[PDB]
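> The structure follows.
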There are 2 protein chains.
Amino acid sequence: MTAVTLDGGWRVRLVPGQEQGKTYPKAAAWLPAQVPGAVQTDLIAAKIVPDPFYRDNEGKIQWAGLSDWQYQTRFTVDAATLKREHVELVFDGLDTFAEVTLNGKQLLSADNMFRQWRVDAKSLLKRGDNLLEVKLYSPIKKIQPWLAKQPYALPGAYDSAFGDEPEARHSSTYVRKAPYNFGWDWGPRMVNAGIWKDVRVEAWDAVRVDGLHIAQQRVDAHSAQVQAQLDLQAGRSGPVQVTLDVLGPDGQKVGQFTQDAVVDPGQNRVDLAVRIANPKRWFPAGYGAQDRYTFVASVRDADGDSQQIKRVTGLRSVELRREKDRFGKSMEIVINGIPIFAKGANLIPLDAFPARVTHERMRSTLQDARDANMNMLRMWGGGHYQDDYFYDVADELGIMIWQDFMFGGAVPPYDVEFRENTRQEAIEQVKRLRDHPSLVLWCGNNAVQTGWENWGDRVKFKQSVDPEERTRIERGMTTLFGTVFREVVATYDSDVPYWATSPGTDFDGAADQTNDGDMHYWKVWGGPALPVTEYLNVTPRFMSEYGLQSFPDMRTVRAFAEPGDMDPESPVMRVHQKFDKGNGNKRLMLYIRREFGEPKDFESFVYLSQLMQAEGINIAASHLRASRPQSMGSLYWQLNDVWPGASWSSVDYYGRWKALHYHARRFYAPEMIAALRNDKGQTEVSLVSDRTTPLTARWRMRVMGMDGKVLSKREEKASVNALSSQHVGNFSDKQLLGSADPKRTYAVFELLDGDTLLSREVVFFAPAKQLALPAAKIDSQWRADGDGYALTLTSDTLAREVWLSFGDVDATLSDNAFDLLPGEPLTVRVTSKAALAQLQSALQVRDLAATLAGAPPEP
Amino acid sequence: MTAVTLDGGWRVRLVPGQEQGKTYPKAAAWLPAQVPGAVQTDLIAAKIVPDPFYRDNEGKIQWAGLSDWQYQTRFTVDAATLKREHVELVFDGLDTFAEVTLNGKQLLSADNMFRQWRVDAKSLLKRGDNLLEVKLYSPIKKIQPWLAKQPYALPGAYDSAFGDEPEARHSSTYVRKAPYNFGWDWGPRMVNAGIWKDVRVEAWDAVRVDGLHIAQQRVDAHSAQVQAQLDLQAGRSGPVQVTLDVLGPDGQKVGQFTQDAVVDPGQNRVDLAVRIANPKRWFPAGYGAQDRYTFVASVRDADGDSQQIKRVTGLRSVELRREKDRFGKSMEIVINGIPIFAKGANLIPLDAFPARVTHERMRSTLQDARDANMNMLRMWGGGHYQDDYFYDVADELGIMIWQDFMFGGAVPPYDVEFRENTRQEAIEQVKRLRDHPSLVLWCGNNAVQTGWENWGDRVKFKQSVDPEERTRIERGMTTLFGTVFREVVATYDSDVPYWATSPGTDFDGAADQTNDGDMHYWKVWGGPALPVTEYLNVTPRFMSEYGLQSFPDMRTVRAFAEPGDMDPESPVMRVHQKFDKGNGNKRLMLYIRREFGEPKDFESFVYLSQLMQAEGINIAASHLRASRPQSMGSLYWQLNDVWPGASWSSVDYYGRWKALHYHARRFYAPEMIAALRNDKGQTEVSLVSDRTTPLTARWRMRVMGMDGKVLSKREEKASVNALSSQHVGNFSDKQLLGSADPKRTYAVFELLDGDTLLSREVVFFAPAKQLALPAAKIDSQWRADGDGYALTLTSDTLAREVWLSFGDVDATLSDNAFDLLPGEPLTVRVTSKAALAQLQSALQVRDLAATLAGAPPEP
Ligand SMILES: OC[C@H]1O[C@@H](O)[C@@H](O)[C@@H](O)[C@@H]1O
Ligand SMILES: OC[C@H]1O[C@@H](O)[C@@H](O)[C@@H](O)[C@@H]1O
Ligand SMILES: OC[C@H]1O[C@@H](O)[C@@H](O)[C@@H](O)[C@@H]1O
Ligand SMILES: OC[C@H]1O[C@@H](O)[C@@H](O)[C@@H](O)[C@@H]1O
Ligand SMILES: OC[C@H]1O[C@@H](O)[C@@H](O)[C@@H](O)[C@@H]1O
């Protein structure tokens, strides 16, 4: 069994006879091509187009997504590999409409970005030099001429901001290709074409090992019963001997198991039953260890040749518990018998060009989530199924994955061919990802049903066609998302639950309800753009989407913009604001002004955008956690970015944390105090614990004047049950303030375990722009702290949302966007590779009071 | 492991306090009850109501379906069975809404006729004597008050002919109960209430064997790979040893297999892989042997107790092949790589009271099918899942079963509770029936989609409700019939195909199409009531329903009717005509008069009704077979009867063959000649062969005058491919007759293999009533042939549709309803228990010419 990768001498050019051939003669000629990669990124490297992320260069590359491309590479095949009984070419990823030829002969037709294509090539292969050609066809150019003739176009995704597709007639719906490639409201339009995954020549004789699956039949504390399933493709009938070694988390051997069999031409499965007594189970982050066992299977074929395959797996039971109670019907993920309140966010692709994403970026994205006390990411259906390495790290860090199939919201066609194409995709992805313990849920799509029921364009569309046509289309969706995907999961990964659509009730009834299933709440930010306190009025059984937009870090801003661009209304900044067809800055400023009024300069604009977002999500996330067991999930939109620009992320494209992420670590803390004041002057205080043991705690309440005087101080003992929320307070403004000036008063709430401070929240009684915040003087002291530095900040007065930065000097901080209490020192750890001397000169310290001072009036 | 059956001292009465208790005081008091049984049949045995099958007695028993009933029995449990760690009561069948109490305490609530109800009873079981009580509630009485409050009633089945349910508001839809119990257009309204299957006390200690499934993973000529799957319920953790012995069709040893494991509390699976080299596969009738292997698993638990379970199964591959071709998309059952043209009929329950059906009747029903050269029966969804024994015989005789789940056409409710109740029903039936090799296909329902799309009442209903409510209802159906049933089959019986609805395209598109999926064609008989020659103009890929009605055997008529009742329009005969709300005799007479004019007496009416049906179905089935590969299925409606009366059956309630069944043996013959004359005077001649080898054949065509003179004779050679139909002729009336009188001329077509005549068809050129048929004289000669008799008939002239009978003396005939050619003797075998003398006295020989002679004019 050999497997050589064709990752070398590829080149690419425009298919001859296109008008782009005249416009870009250098693209008509052969240019270097990278595999895996995209022609887009090949063009960039070749200086044919500039970096589309920089300033307003996005439009300069759109022509590549409208053109057809021709890949070519030459490779040699040994006399030894040609000897072999089977020689196959394997394509892990072709994006998307591909026509492959070998030595001029037809080899393969492909039409799914997410499928693996295996093809017998032995008869077409020559001794030595071979010519492999791949032609990739623009999905827009291929589909639109057909689409223009259809009685209707299906409701889709986003219109082209470049007008190269008609309004409300999107081709993206009809092709199995990453939805975000066509542009989304936080990313550019990069309709990629490319051999975006590996290409291999594989050769074997008697048997080819197609897979190993550790099927968990039942897992609890007492035992785990599993079945090692081995898929074997055979060319001829003959004996095989299978040996299975099992290693525990500590690396010691658990047991060896053997199985003899006779395989026959075609597919064969060999199953080895394994029972592990008192298993060291895999838990998500915050609920134990991420223990994993190693299963090593070696297969001796009829020729006496041995092949080996390995799976690292975590033993875990997964239950999607939906039981009736006072709040309707629950929706809670239960891991190893433990109801886990989901704390996390929505995960999108890490780049507009997915093939160039490094392992380091994959890991730091998940590491970011783990650091903010998250236990789950939802891999949103508008993106692409992630790299193997990504799921490995998720397993390792204990970040649960809510895995959407890659449907982003468009209404799918109901033709059999589309369905069967998608089925094969679903089968291969589920087979690929199932042994990852972190993958705990499969979901049919993002927002398809709730769009059909609530979005104006969908509602109008379904009522415009004949009722019989509506039935056909609705039947197609119910079959694809309710039958097909569900069957694939039930067949190949049967120990994990399936979910038809997010948000929804698994087709039991309507989508996006508050008393059944999950919810995407967007009446804050979107729609009527309600104030953020409205979050306190919305409590679904599980909140899988909600969010606020903000700008990325100033370093990231300076990365895509010039000094003359530094204005939210500049052409460059408007390009990087993708919400509401480029008019998103109006919505962003709406929310900023409500709390902070008019920003006095651009750096303040960025800072205040991030504060607006952070404080807003803090309200909703704390409330959801405090509402347990009414709610059992919080996944905000969104975690990360594909590109430098404005978005709902908490971490920008370059991995830099926004104020939101620092806040997320706090409101997602395992033990947390929630002190939330509603628009009726009532502040509800709750003690939240994700411990599986009782928390014998103390909680404090101190009401302060901003001139430093204490108005009141109070401390109580509290016994907080495991896995629960306990309301310990509900105070009116009068009960807290008592005739004191709300513009000059604030409250400090703290949760304690013994002498250890676990959580703190500072509450205010008026929008920040109306407050009389003190002019803080913040002393900073440095000292050598290992290979990093210890930075201690001490403010004489209250200092709000202190933000530390270092110009263009790169450094990471253990904490940021924090409140400083009068005379109370805070020490943060500074990790950098710069010397202490420049860090001290470059240090910038910003606070809210200072930022709001000297601000102009709102328009 | 003990399992005692409560099949003894049951009694039953009306639940006290009903108005029926006053009307029927004898039913208010305790009366003997039979278990299994129905309270209806208990009332008959007790002489409280007369036999509802007799004359017009049907209405006198309707009150039992509107009442609530109370079963009661006493039984003793020794101290030895109380020893056991688990003691359970098991109800295999409760019809339907049941409330069970034990020694005065609530034990079980049941609401599905088709589920098995297991309950722990150990804590409630007493020393010695125990009191078991079961209350059954009328589904009509229970549901209607709820239904009357509903905004709408779902489209259902048949209205009550007794007005005890409102029109178009049927309770039958909302309850899991055999649809035909509520009355159908060929059966009485018997809303049965009863403990209609066994009740057991079961007891066990460490391990209980919940099931054994021989899962066929891949089967071909070279090998069969299977996995013996054993379900074990354990009360505590401990070791087990499993032994599997495999015996071949000859009873000899194939191999023994062993497997040790440790079971844990709850459910445990133990799988033993078995590969059988050169398996002797199971073939359907006419395509080989019905070879079956025996799998015997014995399980020794930790206590050392050995339990044994056994499965007899046939190794078989099943494929539902749907490939694109010239006629659209095919639909064919492929068994062991052989495309089988399905030849058979639709199977309904054998009785209005299913619990009293004997094994002999189950067996003779399937034997009937086998004898008429059938290879498939469809167990129609309006009935009930059959007895285990029934499927056993089907396995034995090689009659394939198309198994509908028991939904008859009503539009189901979309509530979660109904769905989950039904899901459990499906799981239990699929688990019970899967190891029967004869079960080759599962089907969601009968006619639900085509009704929804084509029946006027459904169309009006779905357009009357709110479109969002319409979407809800359609979503409910698509989930139940497209997801739930499909998942159950894919999970528990995964080597056989599933079909969403008959007729349909498995939800790919519209139902009942001609170029995709299967069809129920009823424009002949039903709807516009087209002439039978219209059958030649309809050619679907698979015809799963079609038919013509007729009366049962004269002996059967005399069984339910008095001499004063012998008139199609009498009150008694109308009661036994259930088509079109009792006005069915008009539709029957329409078709009869078309071909034969007005019947001269009642016996002629019966005979001609059977000829009309027989000749009509002969046209369609022959046409369908001759059209191969355009069509690949012929299942006519219907095979059998639930009750004595008029229906589309070929075999009446007492097992007596109609003319149709005798004709069916001919047109389903493995080699058949089809000579079909259409409404344009064109006779197409086809040679059909179901052989797996080529047929080198000879076929003849002779044109005859009614006076015996030969007009023309022709013989031609033909090489008929394996598994095909070949057109060898297409003659106009002019080419055949040539100025000869069509009323005085006929044609004889014959298919031969060497000197062996394989099939014959006699063609006419005018309806029988216009013909000048000769006055035949038919000589009859007897002779002893073992314990039966050989009866030889010789006609001097042409004798059409000769029908042999013996008054009320019972006898069976090897052939009947045949044509006699001049001077050509035919010998049939007579099986009876009467002496020759009485057979000779009772013998009646009827032919078409004699019957048509002296007939009065049509009204
Ligand atoms: O032109 C491309 C289009 O071709 C038609 O046949 C559609 O059925 C799709 O397969 C596709 O969107
Ligand atoms: O529409 C509300 C949000 O929904 C999410 O699923 C994504 O599509 C976002 O880009 C969008 O802003
Ligand atoms: O009570 C009769 C019927 O009443 C309603 O609850 C229905 O939904 C059914 O579940 C039930 O059988
Ligand atoms: O369609 C209304 C009713 O009457 C006839 O059409 C039959 O098909 C019934 O099964 C149906 O329920
Ligand atoms: O609807 C026409 C026919 O359909 C079949 O499914 C059965 O229900 C028959 O009783 C009926 O006559």
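Identifiers for the structure tokens are assigned positionally: chains receive A, B, ... in sequence, residues are indexed from 1 per chain, and ligands are indexed from 1 in the order shown.
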Contacts between chain B and chain A, please, where a residue of chain A counts if it comes within 8 Å (with only C-alpha atoms); show its shortest atom pair and distance in Å to one decimal, rows by chain and ascending number, as JSON lines.


{"residue": "A:223", "atom": "CA", "partner": "B:264", "partner_atom": "CA", "distance": 7.8}
{"residue": "A:262", "atom": "CA", "partner": "B:275", "partner_atom": "CA", "distance": 7.8}
{"residue": "A:264", "atom": "CA", "partner": "B:223", "partner_atom": "CA", "distance": 7.8}
{"residue": "A:275", "atom": "CA", "partner": "B:262", "partner_atom": "CA", "distance": 7.8}
{"residue": "A:415", "atom": "CA", "partner": "B:508", "partner_atom": "CA", "distance": 7.7}
{"residue": "A:416", "atom": "CA", "partner": "B:508", "partner_atom": "CA", "distance": 6.6}
{"residue": "A:471", "atom": "CA", "partner": "B:471", "partner_atom": "CA", "distance": 7.7}
{"residue": "A:472", "atom": "CA", "partner": "B:509", "partner_atom": "CA", "distance": 7.3}
{"residue": "A:474", "atom": "CA", "partner": "B:471", "partner_atom": "CA", "distance": 7.9}
{"residue": "A:475", "atom": "CA", "partner": "B:478", "partner_atom": "CA", "distance": 7.1}
{"residue": "A:478", "atom": "CA", "partner": "B:475", "partner_atom": "CA", "distance": 7.1}
{"residue": "A:479", "atom": "CA", "partner": "B:482", "partner_atom": "CA", "distance": 7.1}
{"residue": "A:482", "atom": "CA", "partner": "B:483", "partner_atom": "CA", "distance": 6.8}
{"residue": "A:483", "atom": "CA", "partner": "B:483", "partner_atom": "CA", "distance": 4.8}
{"residue": "A:487", "atom": "CA", "partner": "B:487", "partner_atom": "CA", "distance": 6.4}
{"residue": "A:490", "atom": "CA", "partner": "B:491", "partner_atom": "CA", "distance": 7.9}
{"residue": "A:491", "atom": "CA", "partner": "B:491", "partner_atom": "CA", "distance": 7.3}
{"residue": "A:507", "atom": "CA", "partner": "B:475", "partner_atom": "CA", "distance": 7.6}
{"residue": "A:508", "atom": "CA", "partner": "B:416", "partner_atom": "CA", "distance": 6.6}
{"residue": "A:509", "atom": "CA", "partner": "B:472", "partner_atom": "CA", "distance": 7.3}

> Please produce a file of the residues just selected, as an mmCIF file, in the first residue's frame, where the atoms kept are N, CA, C and O atoms.


data_model
loop_
_atom_site.group_PDB
_atom_site.id
_atom_site.type_symbol
_atom_site.label_atom_id
_atom_site.label_comp_id
_atom_site.auth_asym_id
_atom_site.auth_seq_id
_atom_site.Cartn_x
_atom_site.Cartn_y
_atom_site.Cartn_z
ATOM 1 N N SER A 223 -18.864 0.942 32.887
ATOM 2 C CA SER A 223 -18.169 0.344 31.750
ATOM 3 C C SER A 223 -18.449 1.071 30.445
ATOM 4 O O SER A 223 -19.395 1.855 30.340
ATOM 5 N N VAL A 262 -12.537 -14.009 6.311
ATOM 6 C CA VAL A 262 -12.288 -14.139 4.888
ATOM 7 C C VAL A 262 -13.011 -12.996 4.183
ATOM 8 O O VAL A 262 -14.220 -12.838 4.333
ATOM 9 N N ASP A 264 -14.204 -10.842 0.699
ATOM 10 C CA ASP A 264 -14.632 -11.137 -0.663
ATOM 11 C C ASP A 264 -14.556 -9.860 -1.504
ATOM 12 O O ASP A 264 -14.479 -8.764 -0.945
ATOM 13 N N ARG A 275 -14.801 -4.248 25.588
ATOM 14 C CA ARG A 275 -15.414 -3.671 26.780
ATOM 15 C C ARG A 275 -14.342 -3.154 27.740
ATOM 16 O O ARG A 275 -13.446 -3.898 28.152
ATOM 17 N N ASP A 415 -34.601 18.544 -6.606
ATOM 18 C CA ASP A 415 -34.281 17.483 -7.561
ATOM 19 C C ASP A 415 -33.473 16.357 -6.920
ATOM 20 O O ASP A 415 -32.642 16.594 -6.044
ATOM 21 N N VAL A 416 -33.712 15.139 -7.393
ATOM 22 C CA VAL A 416 -33.058 13.947 -6.876
ATOM 23 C C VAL A 416 -31.533 14.029 -6.971
ATOM 24 O O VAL A 416 -30.823 13.617 -6.054
ATOM 25 N N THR A 471 -45.567 22.880 -2.105
ATOM 26 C CA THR A 471 -45.508 21.564 -1.483
ATOM 27 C C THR A 471 -44.270 20.794 -1.949
ATOM 28 O O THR A 471 -43.606 20.134 -1.148
ATOM 29 N N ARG A 472 -43.949 20.900 -3.236
ATOM 30 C CA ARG A 472 -42.774 20.234 -3.787
ATOM 31 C C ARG A 472 -41.496 20.731 -3.122
ATOM 32 O O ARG A 472 -40.641 19.938 -2.719
ATOM 33 N N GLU A 474 -41.239 22.445 -0.210
ATOM 34 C CA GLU A 474 -41.228 22.132 1.216
ATOM 35 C C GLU A 474 -40.920 20.650 1.430
ATOM 36 O O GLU A 474 -40.206 20.294 2.370
ATOM 37 N N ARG A 475 -41.419 19.798 0.535
ATOM 38 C CA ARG A 475 -41.131 18.366 0.612
ATOM 39 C C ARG A 475 -39.640 18.100 0.447
ATOM 40 O O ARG A 475 -39.073 17.287 1.166
ATOM 41 N N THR A 478 -37.815 19.065 3.744
ATOM 42 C CA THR A 478 -38.126 18.126 4.818
ATOM 43 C C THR A 478 -37.369 16.814 4.605
ATOM 44 O O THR A 478 -36.861 16.217 5.553
ATOM 45 N N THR A 479 -37.253 16.396 3.349
ATOM 46 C CA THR A 479 -36.548 15.160 3.017
ATOM 47 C C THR A 479 -35.044 15.300 3.215
ATOM 48 O O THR A 479 -34.409 14.447 3.834
ATOM 49 N N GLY A 482 -34.509 16.491 7.105
ATOM 50 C CA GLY A 482 -35.175 15.679 8.104
ATOM 51 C C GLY A 482 -34.999 14.180 7.938
ATOM 52 O O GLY A 482 -35.081 13.434 8.920
ATOM 53 N N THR A 483 -34.769 13.739 6.703
ATOM 54 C CA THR A 483 -34.627 12.315 6.413
ATOM 55 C C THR A 483 -33.186 11.942 6.077
ATOM 56 O O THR A 483 -32.559 11.150 6.785
ATOM 57 N N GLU A 487 -30.594 10.142 8.533
ATOM 58 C CA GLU A 487 -30.271 8.746 8.257
ATOM 59 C C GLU A 487 -28.763 8.516 8.220
ATOM 60 O O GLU A 487 -28.274 7.503 8.715
ATOM 61 N N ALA A 490 -27.640 8.571 11.829
ATOM 62 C CA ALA A 490 -28.124 7.360 12.508
ATOM 63 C C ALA A 490 -27.392 6.086 12.065
ATOM 64 O O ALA A 490 -27.279 5.126 12.832
ATOM 65 N N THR A 491 -26.893 6.087 10.833
ATOM 66 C CA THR A 491 -26.229 4.911 10.281
ATOM 67 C C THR A 491 -24.750 4.838 10.653
ATOM 68 O O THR A 491 -24.240 3.772 10.978
ATOM 69 N N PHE A 507 -38.231 19.872 13.343
ATOM 70 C CA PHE A 507 -39.409 19.690 12.492
ATOM 71 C C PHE A 507 -40.637 19.164 13.257
ATOM 72 O O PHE A 507 -41.621 18.764 12.635
ATOM 73 N N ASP A 508 -40.595 19.168 14.590
ATOM 74 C CA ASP A 508 -41.781 18.802 15.379
ATOM 75 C C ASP A 508 -42.852 19.855 15.148
ATOM 76 O O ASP A 508 -44.046 19.548 15.052
ATOM 77 N N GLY A 509 -42.402 21.107 15.090
ATOM 78 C CA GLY A 509 -43.264 22.238 14.801
ATOM 79 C C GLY A 509 -42.486 23.394 14.193
ATOM 80 O O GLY A 509 -41.474 23.188 13.522
#

> Using only C-alpha atoms and all ligand atoms, what are the residues with an atom within 12 Å of ligand 3, set out as a PyMOL selection string?

chain B and resi 96-98+109-112+137-150+153+171-177+412-422

> Any chance you can output those residues with N, CA and C atoms as a short mmCIF file (atom, residue, chain, number, x, y, z; two decimals), in the first residue's frame?


data_model
loop_
_atom_site.label_atom_id
_atom_site.label_comp_id
_atom_site.auth_asym_id
_atom_site.auth_seq_id
_atom_site.Cartn_x
_atom_site.Cartn_y
_atom_site.Cartn_z
N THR B 96 -58.45 -1.65 21.76
CA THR B 96 -57.20 -0.92 21.56
C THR B 96 -56.87 -0.03 22.75
N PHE B 97 -57.79 0.87 23.10
CA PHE B 97 -57.62 1.70 24.29
C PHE B 97 -57.85 0.84 25.53
N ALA B 98 -56.76 0.47 26.19
CA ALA B 98 -56.85 -0.48 27.29
C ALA B 98 -56.38 0.14 28.61
N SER B 109 -51.57 1.34 30.89
CA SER B 109 -52.42 2.02 29.92
C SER B 109 -51.92 1.76 28.51
N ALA B 110 -52.81 1.30 27.63
CA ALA B 110 -52.41 0.95 26.28
C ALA B 110 -53.29 1.64 25.24
N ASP B 111 -52.68 2.03 24.12
CA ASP B 111 -53.40 2.73 23.07
C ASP B 111 -52.84 2.42 21.68
N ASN B 112 -52.48 1.16 21.45
CA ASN B 112 -52.06 0.74 20.12
C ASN B 112 -52.32 -0.74 19.93
N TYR B 137 -61.99 0.48 25.77
CA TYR B 137 -62.88 1.60 25.51
C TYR B 137 -63.12 1.78 24.02
N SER B 138 -64.39 1.90 23.64
CA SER B 138 -64.74 2.16 22.25
C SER B 138 -63.98 3.36 21.72
N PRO B 139 -63.20 3.17 20.64
CA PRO B 139 -62.44 4.27 20.04
C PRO B 139 -63.36 5.35 19.49
N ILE B 140 -64.52 4.96 18.97
CA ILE B 140 -65.51 5.92 18.49
C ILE B 140 -66.02 6.77 19.64
N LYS B 141 -66.45 6.11 20.71
CA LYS B 141 -67.03 6.78 21.86
C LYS B 141 -66.03 7.68 22.57
N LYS B 142 -64.77 7.26 22.58
CA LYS B 142 -63.72 8.01 23.26
C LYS B 142 -63.29 9.24 22.45
N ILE B 143 -63.12 9.06 21.14
CA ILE B 143 -62.53 10.11 20.31
C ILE B 143 -63.52 11.17 19.82
N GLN B 144 -64.73 10.76 19.44
CA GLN B 144 -65.69 11.69 18.85
C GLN B 144 -65.96 12.96 19.69
N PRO B 145 -66.14 12.83 21.02
CA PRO B 145 -66.36 14.07 21.79
C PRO B 145 -65.18 15.03 21.71
N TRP B 146 -63.97 14.49 21.64
CA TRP B 146 -62.79 15.32 21.44
C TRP B 146 -62.79 15.86 20.02
N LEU B 147 -63.05 14.98 19.06
CA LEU B 147 -63.00 15.34 17.65
C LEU B 147 -64.02 16.42 17.32
N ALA B 148 -65.18 16.38 17.98
CA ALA B 148 -66.24 17.35 17.70
C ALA B 148 -65.83 18.76 18.09
N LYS B 149 -64.82 18.88 18.94
CA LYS B 149 -64.36 20.18 19.40
C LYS B 149 -63.25 20.73 18.51
N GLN B 150 -62.73 19.88 17.63
CA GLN B 150 -61.60 20.27 16.78
C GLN B 150 -62.04 21.21 15.66
N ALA B 153 -61.73 18.04 11.08
CA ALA B 153 -61.43 16.62 11.15
C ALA B 153 -60.61 16.26 9.92
N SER B 171 -63.22 8.91 13.49
CA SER B 171 -62.31 8.74 14.63
C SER B 171 -61.18 7.79 14.28
N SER B 172 -61.39 6.94 13.28
CA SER B 172 -60.42 5.89 12.92
C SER B 172 -59.04 6.43 12.60
N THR B 173 -58.99 7.67 12.12
CA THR B 173 -57.73 8.30 11.77
C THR B 173 -56.82 8.50 12.98
N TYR B 174 -57.42 8.82 14.12
CA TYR B 174 -56.65 9.26 15.28
C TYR B 174 -56.20 8.12 16.19
N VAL B 175 -56.53 6.89 15.81
CA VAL B 175 -56.21 5.74 16.65
C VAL B 175 -55.47 4.66 15.88
N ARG B 176 -54.42 4.11 16.48
CA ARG B 176 -53.67 3.02 15.87
C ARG B 176 -54.45 1.71 16.00
N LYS B 177 -55.30 1.47 15.01
CA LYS B 177 -56.19 0.32 14.97
C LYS B 177 -56.42 -0.03 13.51
N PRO B 412 -52.88 11.24 8.56
CA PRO B 412 -52.53 11.18 9.99
C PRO B 412 -52.37 12.54 10.65
N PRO B 413 -52.65 12.62 11.96
CA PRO B 413 -52.36 13.82 12.75
C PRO B 413 -50.85 14.03 12.86
N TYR B 414 -50.41 15.27 13.08
CA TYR B 414 -48.98 15.55 13.12
C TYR B 414 -48.42 15.72 14.53
N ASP B 415 -49.20 15.40 15.55
CA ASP B 415 -48.71 15.56 16.91
C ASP B 415 -47.57 14.57 17.20
N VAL B 416 -46.64 15.00 18.04
CA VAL B 416 -45.48 14.21 18.42
C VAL B 416 -45.88 12.87 19.05
N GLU B 417 -46.93 12.91 19.86
CA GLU B 417 -47.39 11.75 20.60
C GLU B 417 -47.87 10.64 19.67
N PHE B 418 -48.62 11.00 18.64
CA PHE B 418 -49.07 10.03 17.64
C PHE B 418 -47.87 9.45 16.89
N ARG B 419 -46.94 10.32 16.52
CA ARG B 419 -45.74 9.91 15.80
C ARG B 419 -44.92 8.88 16.60
N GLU B 420 -44.70 9.17 17.88
CA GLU B 420 -43.86 8.32 18.71
C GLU B 420 -44.54 7.01 19.07
N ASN B 421 -45.86 7.05 19.25
CA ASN B 421 -46.64 5.83 19.44
C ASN B 421 -46.47 4.92 18.22
N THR B 422 -46.60 5.51 17.04
CA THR B 422 -46.49 4.77 15.79
C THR B 422 -45.07 4.26 15.57
#

> At a cut-off of 8 Å around ligand 5, and using only C-alpha atoms and all ligand atoms, what residues come up? Please write them as a VMD selection string.

chain B and resid 184 to 186 380 382 408 to 409 446 to 447 520 522 526 545 to 546 579 637

> Name all residues at most 9 Å from residue 676 in chain A (count only C-alpha atoms; drop same-chain ones fewer than 6 positions away) and give them as JSON, numbers by chain.

{"A": [536, 619, 622, 623, 682, 683, 684, 685, 686, 763]}

> Could you jot down the CA of residue 260 in chain B to CA of residue 1 in chain B separation for me, Å, one decimal place?

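Taking CA of residue 260 in chain B as the start and CA of residue 1 in chain B as the end point, the length is 20.8 Å.
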
> Enumerate as a ChimeraX atom specification the residues within 9 Å of ligand 4, counting only C-alpha atoms and all ligand atoms.

/B:155-159,168,184-185,408-410,447,451,455-458,580

> If you keep C-alpha atoms, can you produce a file of those selected residues as a tab-separated table (two decimals), in the first residue's frame?


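The new file part32.tsv reads:
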chain	number	residue	atom	x	y	z
B	155	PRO	CA	-59.78	13.27	5.77
B	156	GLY	CA	-60.31	9.68	6.82
B	157	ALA	CA	-61.76	6.48	5.42
B	158	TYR	CA	-65.36	5.36	5.07
B	159	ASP	CA	-68.44	6.97	6.61
B	168	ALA	CA	-66.31	13.30	7.07
B	184	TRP	CA	-64.54	-0.93	3.91
B	185	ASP	CA	-66.03	-1.22	0.41
B	408	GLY	CA	-54.88	2.68	4.95
B	409	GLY	CA	-55.19	6.10	3.32
B	410	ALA	CA	-56.31	8.42	6.08
B	447	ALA	CA	-52.58	5.70	-1.02
B	451	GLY	CA	-55.25	10.65	-2.06
B	455	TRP	CA	-58.99	12.64	-4.27
B	456	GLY	CA	-61.53	15.48	-4.39
B	457	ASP	CA	-62.21	15.53	-0.64
B	458	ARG	CA	-58.49	15.76	0.20
B	580	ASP	CA	-70.26	2.99	-3.44
